Amino acid sequence: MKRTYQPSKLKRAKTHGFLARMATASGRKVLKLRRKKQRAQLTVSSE
Amino acid sequence: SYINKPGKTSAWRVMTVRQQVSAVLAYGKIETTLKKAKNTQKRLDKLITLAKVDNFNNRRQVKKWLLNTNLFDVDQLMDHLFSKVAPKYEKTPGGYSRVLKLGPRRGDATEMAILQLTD
Amino acid sequence: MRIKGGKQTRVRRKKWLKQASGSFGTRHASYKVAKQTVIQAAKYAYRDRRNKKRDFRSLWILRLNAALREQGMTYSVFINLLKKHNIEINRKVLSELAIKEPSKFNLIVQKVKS
Amino acid sequence: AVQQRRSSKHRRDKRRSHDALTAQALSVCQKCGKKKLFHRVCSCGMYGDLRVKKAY
Amino acid sequence: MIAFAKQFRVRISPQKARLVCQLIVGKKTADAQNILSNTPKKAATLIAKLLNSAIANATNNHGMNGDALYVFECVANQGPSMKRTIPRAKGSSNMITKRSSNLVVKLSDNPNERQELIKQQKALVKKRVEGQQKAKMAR
RNA sequence: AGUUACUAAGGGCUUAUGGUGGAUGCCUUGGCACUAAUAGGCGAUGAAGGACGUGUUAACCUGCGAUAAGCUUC
RNA sequence: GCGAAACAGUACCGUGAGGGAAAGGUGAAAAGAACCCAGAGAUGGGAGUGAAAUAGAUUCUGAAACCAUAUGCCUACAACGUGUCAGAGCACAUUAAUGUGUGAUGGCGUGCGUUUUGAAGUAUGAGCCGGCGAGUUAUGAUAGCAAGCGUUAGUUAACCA
RNA sequence: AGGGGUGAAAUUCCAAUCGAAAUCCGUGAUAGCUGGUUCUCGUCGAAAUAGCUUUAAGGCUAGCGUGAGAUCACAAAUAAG
RNA sequence: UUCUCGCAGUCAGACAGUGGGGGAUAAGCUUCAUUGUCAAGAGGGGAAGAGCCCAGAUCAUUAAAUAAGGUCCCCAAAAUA
RNA sequence: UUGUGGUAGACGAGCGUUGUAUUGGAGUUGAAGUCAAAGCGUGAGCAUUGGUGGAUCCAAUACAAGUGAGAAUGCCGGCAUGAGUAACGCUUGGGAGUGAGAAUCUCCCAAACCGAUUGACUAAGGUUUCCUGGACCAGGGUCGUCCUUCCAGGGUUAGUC
């Protein structure tokens, strides 16, 4: 049995990057919700 | 349980006893555990009463019972025992070494002892 | 406008915890345990405040009856000696306390003789 | 197994009333004054005055 | 005649110090250090230095001998209890609970001060009696 | 031979003393909830929001912007 | 009270949307215990300021459970929800109070609420403490109680003051 | 990529879990369903009876519980020739 | 206590004596009408005993006398033939 | 006198507390609160005195009840009993030294010895854990004087890969 969460932030960045999350209405709505929530994390580059 | 720290196995116990008797032959006195100190005294007395002949026979026999240490190795401990340790205390019937009780250990309060060589 | 209510709550809880201080174990140092013990003590006290009346009443009956059995009669016969002659209001508690008195119950028990 | 009802705090104290060690021995050292233990070495480095240990 | 020194939560077993307190209590500090330093319990190795302050304070602060005292009473305190993780089955992660103790010890010179707690016991109500009879003429 | 024990390892009872505890009580540094009026947004002429860097300040949070914990006219 | 009185969205979980924290107080004025003391370190003592260092930083109040000891008494002879009514002896004296702390010893003596025909309950939720925590309001109606104008009688919505 | 994908077939697997993960709102839905609801004294004091229920762990009515009010004892009424 | 009205709750109750049935006139099973009880009624008795007997306790009473019950003792009160 | 045993049910009359409208007063002369004890009512509850308080409060009348705490197999400010019991996680021993303290940390050899490797390598990941000096304070599942722990200082060098 292989351990879960073998970290590789290349896929993480290509998945939940800013340019991928700022390309549709839902993604920008989510980004605005996080900005108004004062979230410490906006995408995966700053967890 | 299954595989873990081996601990005080019979082979490990005899190897440790050999190491301790070699250490008490080299350094003269050893501060160790009382149960180990008494076994070391017994083996040292046996070695002293065995080495009074100073022949290759005892060299080969004791070759199976000494483990080399920092200062003395097996064949140098051979000459050391055959020359000075064994003949110095052969003048008396036994009592080739003395064990005395000391206090406990810091972290584990283990009753220790000191073993010295004397007539 | 908020009403704290903690002051009243603290006062009442401290009172309930303290009123049970005096018993063995942690019953002096709890609220639920202390209140259960107080409930048991109150039940015993409430039952007793009615039962001990008859309990010590019968204690008087028994204490008198012992002497009557040493006087040559019994309590049933003694009230038979209170029925056929010399019915006295000197009470069973008081005729029992007369035994503690010097030669007081003896006069009563010799007066009730038929 | 496991306990159904808790052993009391006072029950715990009464149970732990015999976990303490037994009494020890006392020995007078003639040369270096100390009330050491029986067949043990003192802080002065001597078992019953046999210099068999260092100062510490 | 106190020269106390609070320790404030050293990480050590309290149940391994209550055992030695139950013996050291009621004995003079002249023969209390001897009876406390002859135990195999290493848990006291971080405590014995603290007492070295008090006598030394008695040496310089007041001029007291510091050896005519006796251990009047311990407090086996349960201070800030720390928690660490234990490797257990199925990731249950049982918590090892380091129980601390704010050990403060009272060293009273005279054989008294055992009854002085009783003096305070009675005085806590005697003082309200005094204050009441002060105001009893003004009910 | 019938007797309870000082015995007491230790514990229980009221209280005292000491400890986590800041509940409760006072107050706030802080929020909460309204009042009606100018007015009803910024920006590809480089917007809001960020990263990075920058200190009479060493950095922390942050301010600001290579002019960089700033700056100019009156 | 806002998650945020606070380095409050800080940090952190998960890749992720999303979730999402808790906790404050010296004094007055630091006037932060100068000075000396012990001490690897903690931290505390005296003196001194400070009215007061339960204000010396374990610094507003500083509770209880829980963790320890102790006047006096009892307990190493007990079938018992750990107590109720009595009551030995001892030390003790006030919110001037049918007395304080015991309880040797006797009679009596199987938790709270529910399911419910009915629970110490061998049915149950319940280690404990502390605080918070659930019968209110608005609208239409109903009733218990009370009030005004008062029998073609009162009464406002919008609106104005 | 989600009451979907997915499957050498097993409910197998999808962030060690999937008859379909986690996750945002209606929604504190609903339950004729359990459990509990923080102060007190007290007037009187039950019932689990009849019918009905796509009805039996429930509810409706009449009584039973009760007070404000009408009848003010010949009243609703109970009992002995 | 019928009624207007707030109207409940009840709509799962259990038993005992008589008329009883279902059953073995067995069951801490069950059912009604008349006598009642527990729920919501404690206590004495029944050695403990919600429904049985005496009986309806508001509190205080280490209160008098009665009732079932008990009366050789534990256990209250029966002596005598 | 009856019920004051009481569910359900409904009837009647009250009590406390935060704050407010008030007559109000007290206070470093000791405020609230807390801690403690030997009053008053028919009950909610009112209390009275003293220290902790070094500063605001109190109580009758009515009102906003975010008001009264026992369970809601509660909520958080914290910990008992279970208990020195279960574990302490792929081996330690000695000589000497560091140090106040050593099986514990270090030099040395032992011990075990894997050796398709108890040896190094770069990739993803870790972003300093690399090294030097200091300490062992938070931690090492024990101590540990040491650490891959922390602090301070410094270091990683491409055109070719």
# chains A, B, ... in the order shown; residues from 1 in each chain; ligands from 1
call {"tool": "interface_residues", "arguments": {"of": "chain D", "to": "chain G", "cutoff": "12 Å", "atoms": "only C-alpha atoms (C1' of nucleotides)", "output": "VMD selection string"}}
result
chain D and resid 4 to 9 13
call {"tool": "interface_residues", "arguments": {"of": "chain C", "to": "chain F", "cutoff": "8 Å", "atoms": "only C-alpha atoms (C1' of nucleotides)", "output": "PyMOL selection string"}}
result
chain C and resi 6-7+10+22-25
call {"tool": "residues_around", "arguments": {"residues": "residue A:39", "least_positions_apart": "3", "cutoff": "12 Å", "atoms": "only C-alpha atoms (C1' of nucleotides)", "output": "NGL selection string"}}
result
(:A and (30-36 or 42-43 or 46-47)) or (:G and (8-12 or 18-20))
call {"tool": "interface_residues", "arguments": {"of": "chain E", "to": "chain B", "cutoff": "10 Å", "atoms": "only C-alpha atoms", "output": "ChimeraX atom specification"}}
result
/E:38-43,45
call {"tool": "write_last_selection", "arguments": {"atoms": "N, CA, C and O atoms", "output": "PDB file, in the first residue's frame"}}
result
ATOM      1  N   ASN E  38      19.000  10.675  50.353  1.00  0.00           N
ATOM      2  CA  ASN E  38      19.348   9.262  50.434  1.00  0.00           C
ATOM      3  C   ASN E  38      18.282   8.407  49.765  1.00  0.00           C
ATOM      4  O   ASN E  38      18.115   7.225  50.077  1.00  0.00           O
ATOM      5  N   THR E  39      17.539   8.999  48.829  1.00  0.00           N
ATOM      6  CA  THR E  39      16.506   8.260  48.125  1.00  0.00           C
ATOM      7  C   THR E  39      16.918   8.003  46.679  1.00  0.00           C
ATOM      8  O   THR E  39      17.612   8.822  46.066  1.00  0.00           O
ATOM      9  N   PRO E  40      16.526   6.860  46.105  1.00  0.00           N
ATOM     10  CA  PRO E  40      16.849   6.606  44.694  1.00  0.00           C
ATOM     11  C   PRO E  40      16.027   7.430  43.719  1.00  0.00           C
ATOM     12  O   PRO E  40      16.316   7.397  42.516  1.00  0.00           O
ATOM     13  N   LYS E  41      15.018   8.160  44.193  1.00  0.00           N
ATOM     14  CA  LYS E  41      14.174   8.962  43.317  1.00  0.00           C
ATOM     15  C   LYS E  41      14.955  10.124  42.715  1.00  0.00           C
ATOM     16  O   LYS E  41      15.327  11.065  43.422  1.00  0.00           O
ATOM     17  N   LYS E  42      15.205  10.064  41.406  1.00  0.00           N
ATOM     18  CA  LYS E  42      15.897  11.137  40.705  1.00  0.00           C
ATOM     19  C   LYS E  42      15.022  12.376  40.530  1.00  0.00           C
ATOM     20  O   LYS E  42      15.546  13.449  40.210  1.00  0.00           O
ATOM     21  N   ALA E  43      13.716  12.264  40.776  1.00  0.00           N
ATOM     22  CA  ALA E  43      12.785  13.364  40.549  1.00  0.00           C
ATOM     23  C   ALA E  43      13.102  14.573  41.421  1.00  0.00           C
ATOM     24  O   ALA E  43      12.676  15.692  41.115  1.00  0.00           O
ATOM     25  N   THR E  45      16.229  15.633  41.993  1.00  0.00           N
ATOM     26  CA  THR E  45      17.515  16.192  41.591  1.00  0.00           C
ATOM     27  C   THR E  45      17.367  17.601  41.031  1.00  0.00           C
ATOM     28  O   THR E  45      18.344  18.354  40.963  1.00  0.00           O
TER      29      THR E  45
END
call {"tool": "closest_residue", "arguments": {"among": "H:16, H:77, H:38, H:70", "to": "chain C", "atoms": "only C-alpha atoms (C1' of nucleotides)"}}
result
H:38
call {"tool": "residues_around", "arguments": {"residues": "stretch 133-148 of chain G", "least_positions_apart": "6", "cutoff": "7 Å", "atoms": "only C-alpha atoms (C1' of nucleotides)", "output": "number ranges by chain"}}
result
H: 37, 68; I: 6
call {"tool": "select_by_dssp", "arguments": {"residues": "chain E", "states": "helix (DSSP H, G or I)", "output": "number ranges by chain"}}
result
E: 15-24, 32-36, 42-44, 48-62, 89-91, 116-136
call {"tool": "write_last_selection", "arguments": {"atoms": "C-alpha atoms", "output": "PDB file, in the first residue's frame"}}
result
ATOM      1  CA  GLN E  15       3.188  11.613  42.848  1.00  0.00           C
ATOM      2  CA  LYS E  16       6.906  10.795  43.119  1.00  0.00           C
ATOM      3  CA  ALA E  17       7.465  13.848  45.353  1.00  0.00           C
ATOM      4  CA  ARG E  18       4.432  13.359  47.605  1.00  0.00           C
ATOM      5  CA  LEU E  19       5.961  10.059  48.751  1.00  0.00           C
ATOM      6  CA  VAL E  20       9.112  11.783  50.005  1.00  0.00           C
ATOM      7  CA  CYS E  21       7.133  14.726  51.414  1.00  0.00           C
ATOM      8  CA  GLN E  22       5.044  12.347  53.537  1.00  0.00           C
ATOM      9  CA  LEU E  23       8.300  11.410  55.282  1.00  0.00           C
ATOM     10  CA  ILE E  24      10.162  14.740  55.272  1.00  0.00           C
ATOM     11  CA  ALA E  32      15.654  16.655  56.386  1.00  0.00           C
ATOM     12  CA  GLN E  33      18.250  17.187  53.652  1.00  0.00           C
ATOM     13  CA  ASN E  34      20.000  13.985  54.739  1.00  0.00           C
ATOM     14  CA  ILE E  35      16.763  11.976  54.620  1.00  0.00           C
ATOM     15  CA  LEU E  36      15.807  13.520  51.255  1.00  0.00           C
ATOM     16  CA  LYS E  42      15.897  11.137  40.705  1.00  0.00           C
ATOM     17  CA  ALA E  43      12.785  13.364  40.549  1.00  0.00           C
ATOM     18  CA  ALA E  44      14.226  15.446  43.402  1.00  0.00           C
ATOM     19  CA  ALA E  48      17.398  20.212  46.010  1.00  0.00           C
ATOM     20  CA  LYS E  49      19.158  23.221  44.460  1.00  0.00           C
ATOM     21  CA  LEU E  50      16.153  25.480  45.132  1.00  0.00           C
ATOM     22  CA  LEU E  51      16.404  24.966  48.898  1.00  0.00           C
ATOM     23  CA  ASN E  52      20.037  26.087  48.631  1.00  0.00           C
ATOM     24  CA  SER E  53      18.634  29.575  48.007  1.00  0.00           C
ATOM     25  CA  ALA E  54      16.560  29.762  51.182  1.00  0.00           C
ATOM     26  CA  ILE E  55      19.310  28.973  53.691  1.00  0.00           C
ATOM     27  CA  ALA E  56      21.667  31.237  51.758  1.00  0.00           C
ATOM     28  CA  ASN E  57      19.023  33.965  51.936  1.00  0.00           C
ATOM     29  CA  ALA E  58      18.815  33.309  55.678  1.00  0.00           C
ATOM     30  CA  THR E  59      22.592  33.721  55.668  1.00  0.00           C
ATOM     31  CA  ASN E  60      22.531  37.196  54.125  1.00  0.00           C
ATOM     32  CA  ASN E  61      19.013  38.662  54.344  1.00  0.00           C
ATOM     33  CA  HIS E  62      18.182  38.324  58.051  1.00  0.00           C
ATOM     34  CA  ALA E  89      -2.784   2.030  17.322  1.00  0.00           C
ATOM     35  CA  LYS E  90      -4.987   3.311  14.478  1.00  0.00           C
ATOM     36  CA  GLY E  91      -3.650   6.823  15.009  1.00  0.00           C
ATOM     37  CA  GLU E 116      -0.645  28.775  63.847  1.00  0.00           C
ATOM     38  CA  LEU E 117      -2.808  27.469  61.008  1.00  0.00           C
ATOM     39  CA  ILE E 118      -5.305  26.745  63.790  1.00  0.00           C
ATOM     40  CA  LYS E 119      -4.769  30.267  65.127  1.00  0.00           C
ATOM     41  CA  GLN E 120      -5.722  31.593  61.688  1.00  0.00           C
ATOM     42  CA  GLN E 121      -8.612  29.089  61.611  1.00  0.00           C
ATOM     43  CA  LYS E 122     -10.092  30.542  64.786  1.00  0.00           C
ATOM     44  CA  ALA E 123      -9.062  34.133  63.997  1.00  0.00           C
ATOM     45  CA  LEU E 124     -10.966  34.175  60.698  1.00  0.00           C
ATOM     46  CA  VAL E 125     -14.128  34.118  62.809  1.00  0.00           C
ATOM     47  CA  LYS E 126     -12.745  35.930  65.878  1.00  0.00           C
ATOM     48  CA  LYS E 127     -12.008  38.953  63.675  1.00  0.00           C
ATOM     49  CA  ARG E 128     -15.595  39.039  62.405  1.00  0.00           C
ATOM     50  CA  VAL E 129     -16.716  38.717  66.037  1.00  0.00           C
ATOM     51  CA  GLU E 130     -14.585  41.764  66.854  1.00  0.00           C
ATOM     52  CA  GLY E 131     -15.999  43.662  63.881  1.00  0.00           C
ATOM     53  CA  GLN E 132     -19.546  42.641  64.824  1.00  0.00           C
ATOM     54  CA  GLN E 133     -19.357  43.611  68.498  1.00  0.00           C
ATOM     55  CA  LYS E 134     -17.848  46.824  67.143  1.00  0.00           C
ATOM     56  CA  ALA E 135     -21.091  47.294  65.178  1.00  0.00           C
ATOM     57  CA  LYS E 136     -23.371  45.384  67.577  1.00  0.00           C
TER      58      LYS E 136
END
call {"tool": "residues_around", "arguments": {"residues": "stretch 18-35 of chain H", "least_positions_apart": "4", "cutoff": "10 Å", "atoms": "only C-alpha atoms (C1' of nucleotides)", "output": "JSON, numbers by chain"}}
result
{"G": [16, 17, 18, 19, 114, 115, 125], "H": [2, 3, 4, 11, 12, 13, 14, 55, 57, 58, 59], "J": [71, 72, 73]}
call {"tool": "residues_around", "arguments": {"residues": "residue J:130", "least_positions_apart": "6", "cutoff": "12 Å", "atoms": "only C-alpha atoms (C1' of nucleotides)", "output": "ChimeraX atom specification"}}
result
/J:148,154-156
call {"tool": "residues_around", "arguments": {"residues": "residue D:53", "least_positions_apart": "6", "cutoff": "10 Å", "atoms": "only C-alpha atoms (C1' of nucleotides)", "output": "ChimeraX atom specification"}}
result
/B:31,100,102,114 /D:41-47
call {"tool": "write_last_selection", "arguments": {"atoms": "N, CA, C and O atoms", "output": "compact mmCIF listing (two decimals), in the first residue's frame"}}
result
# COMPACT_ATOMS: atom_id res chain seq x y z
N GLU B 31 33.91 0.01 36.83
CA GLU B 31 32.67 0.42 37.48
C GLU B 31 31.53 -0.01 36.56
O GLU B 31 31.36 0.53 35.46
N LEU B 100 32.98 -4.28 45.23
CA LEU B 100 32.40 -3.46 46.28
C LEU B 100 31.21 -2.69 45.73
O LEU B 100 31.18 -2.31 44.55
N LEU B 102 28.43 0.24 45.14
CA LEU B 102 28.36 1.69 45.00
C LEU B 102 26.89 2.13 45.01
O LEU B 102 25.98 1.33 45.25
N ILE B 114 31.97 -1.64 41.87
CA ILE B 114 33.33 -1.45 41.37
C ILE B 114 34.11 -2.73 41.61
O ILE B 114 34.06 -3.30 42.71
N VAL D 41 29.67 2.37 49.63
CA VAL D 41 30.74 3.35 49.73
C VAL D 41 30.12 4.70 50.04
O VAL D 41 28.99 5.01 49.65
N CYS D 42 30.87 5.52 50.78
CA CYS D 42 30.40 6.83 51.17
C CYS D 42 30.82 7.86 50.11
O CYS D 42 31.47 7.53 49.12
N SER D 43 30.44 9.12 50.33
CA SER D 43 30.87 10.17 49.42
C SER D 43 32.34 10.51 49.57
O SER D 43 32.88 11.25 48.74
N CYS D 44 33.01 9.97 50.59
CA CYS D 44 34.43 10.21 50.82
C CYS D 44 35.31 9.24 50.06
O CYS D 44 36.54 9.36 50.11
N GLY D 45 34.69 8.29 49.35
CA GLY D 45 35.45 7.37 48.48
C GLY D 45 35.87 6.08 49.16
O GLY D 45 36.75 5.40 48.62
N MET D 46 35.28 5.74 50.31
CA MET D 46 35.79 4.52 51.00
C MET D 46 34.67 3.59 51.47
O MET D 46 33.71 4.09 52.08
N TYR D 47 34.79 2.29 51.19
CA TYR D 47 33.82 1.34 51.79
C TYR D 47 34.44 1.03 53.15
O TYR D 47 35.59 0.59 53.16
